[PDB]
Amino acid sequence: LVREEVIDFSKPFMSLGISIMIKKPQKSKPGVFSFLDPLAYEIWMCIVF
Amino acid sequence: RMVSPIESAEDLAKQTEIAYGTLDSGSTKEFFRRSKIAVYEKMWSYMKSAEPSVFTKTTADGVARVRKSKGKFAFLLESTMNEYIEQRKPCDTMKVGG
Amino acid sequence: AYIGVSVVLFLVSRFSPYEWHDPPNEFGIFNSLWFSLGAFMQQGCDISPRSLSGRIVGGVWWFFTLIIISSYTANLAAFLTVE
Amino acid sequence: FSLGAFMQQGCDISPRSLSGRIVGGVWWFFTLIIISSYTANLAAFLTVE
Amino acid sequence: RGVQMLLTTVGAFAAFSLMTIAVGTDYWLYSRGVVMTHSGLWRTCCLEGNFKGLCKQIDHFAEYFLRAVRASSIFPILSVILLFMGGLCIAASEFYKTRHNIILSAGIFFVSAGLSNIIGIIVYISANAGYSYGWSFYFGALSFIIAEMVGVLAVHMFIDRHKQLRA
Amino acid sequence: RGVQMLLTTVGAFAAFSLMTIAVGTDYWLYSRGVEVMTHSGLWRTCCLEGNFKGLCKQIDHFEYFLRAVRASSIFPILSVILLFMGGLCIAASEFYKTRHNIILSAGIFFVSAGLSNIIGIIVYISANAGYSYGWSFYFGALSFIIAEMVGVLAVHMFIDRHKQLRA
Amino acid sequence: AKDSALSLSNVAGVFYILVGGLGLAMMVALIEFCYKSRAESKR
Amino acid sequence: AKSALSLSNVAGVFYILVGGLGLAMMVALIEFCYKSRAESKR
């Protein structure tokens, strides 16, 4: 608005906005107990029961 | 299959493990300060009272902070610049959400 | 881990004189090594520990064997599928 | 004994001598590797056509 | 019996010396770093280039717990301590030939030293994951094997002593 | 002997009370709903914070059979009923000391109760598929464990009574 | 465009569990032995 | 507003297991009742 009050703007030749930039997700170091990952925690609990 | 932690604005708003920041002085800063939308209200509240300060001197500093933070920092910036940086080496950053 | 498990099984099975009162069981060092090898291969039919401590050792060895062998098969399948 | 070991179906008797136990253990290792390879290659076949 | 005691003492000394050398020396791993270097539990030394022979303390610093346990090297040192205690028990057994629980204590110490050696090896390798292995790593492994064999010997000696008392 | 009666009665009461509290309370699952963080039980869901904090709302439970079973909560309630009947059998065994079949009955009830518990859990979690777990869920799990232990005790006591009678 | 051998770190937890179980078995056996030894000494 | 294997994938086998346990208890109790009735009438 401030600029438009002193100069004439054409229509937007390219539209943009505010966006979020994050580091690309990468392979995570396996956890100590990652060998339980294939089954859900509920499966293990019900197996014990 | 690698899944990003953040997928939208509200995802950033909900969590607190990942910090986010903008330029110290720029259009994004005023947009967040002056906003009237609850999600951006809570983002502005988090950002203004963030210790240490999440704001950066320049865009390059924000990009470097994102790259070196091991995914614990998210930079809010123009979509065009975000896309451009995403397509440049070392190709370790990407744009999320709308 | 195989060596350690076999040694600990022998120790907990045979050390105490209050059970000798012929040996209390069949778990010498040689028989402990045989039991551990068969357990890892998932083949043993011969003897299992009867004491609480021997059964703890056997159970943890069994869990280790299960996880390791499932991991081997799964990673081999992954190799072949990816190629 | 050899057939039961290969099919992974237990055993009535097990060798008690050092040499018999060497034979049994090496046969068991062979069986483990071969059966795992069969299952893995079958999975690879069924996954990718 | 004399042969068994001689073997137990020699094996205990061998395991203790091997573990002490493995902990003290700096040839656990060969890898590229600061350019091809050999590193132990504490230091990294360049074996080629201008700075050949220059050693630098390793910069160690759930993940924090692993890094702390690796930096302290609590488990290799605990294995050395347990081997020393087992050797002390074996030595003291001669002075007190009627107290048969000293042999049992020595056997327990040796088995526990082997177990802590296993834990230390696993922790070291896992921390590194986050190349090649040198002669001190295999000194530690050989120490583990000898410690387990000596523990088996000590337990056998305890059993034999109690069998003799029964008869 | 009396120690076994005491343990069985105390465990029966503990399991019954734990199951009743778990069925009655609302802290089974922590999730997000009506948006806002909420804690929900078998019947009600309440808001943990916001402008409606403290308000509770009946859960809208509507395979049709799974939905009906989950909504009725037939299996947790059946577990509570079976624990009550087992406690009644234990109490009655005091007055009729020569009727051993009461003790057996008690054991059976407890075992059955445990099994019912299992099914309930399996249904509950399954119904959630179509977060975190609160202390009511773990109260139910502990109730299952104690019920199985008390059933084992009661069966042992029946066996001991019949062995004494046999001699 | 937007378009292996599992290591010890993948299975470290099961090794820790195994060694902990070995230690627990040793402790249980030693506790029982000590209890029986004191009982024998008293009797 | 807008990996792991879940228990819903393997719920049927849990149901089968618990049903089999109930059936086993039922069979054992029926046999016990039959034998006890036979004993009483003798």
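Just so we're on the same page: letters track the sequence lines, and every chain starts at 1. The figures that follow rest on heavy atoms only: side chains count, while hydrogens, waters and symmetry mates do not.
Heavy-atom distances place no part of B:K68 under 4.5 Å from chain A, backbone and side chain included.
One finds the CD1 atom of B:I6 at 7.5 Å from the CD1 atom of A:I20 (value rounded to the nearest 0.5 Å). To the nearest 0.5 Å, atoms CD1 (A:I18) and OG1 (B:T22) are separated by 8.5 Å.
Considering every non-hydrogen atom in both A:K24 and B:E86, the closest pair reads NZ-O, 4.2 Å.
In this structure, A:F9 places its CZ atom where more than 12 heavy-atom neighbours from other residues, nucleotides or ligands lie under 6.0 Å away. Summarising the local packing, CZ of A:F49 is surrounded by more than 12 heavy atoms from other residues, nucleotides or ligands at distances under 6.0 Å.
A:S19 has its side chain out of reach of B:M81: every pair of non-hydrogen atoms, C-beta onward, lies at least 4.5 Å apart.
Note: B:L77 leads B:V63, B:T80, B:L77 in heavy-atom pairs under 4.5 Å with chain A. When B:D92, B:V66, B:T28 are compared by the number of non-hydrogen pairs under 4.5 Å with chain A, B:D92 comes out ahead.
At distances below 3.5 Å, not a single donor-acceptor pair connects side-chain atoms of A:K23 with backbone N or O atoms of B:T93.
Among B:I85, B:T59, B:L76, the one residue that satisfies the side-chain contact (heavy atoms from CB on, under 4.5 Å) test with A:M21 is B:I85.
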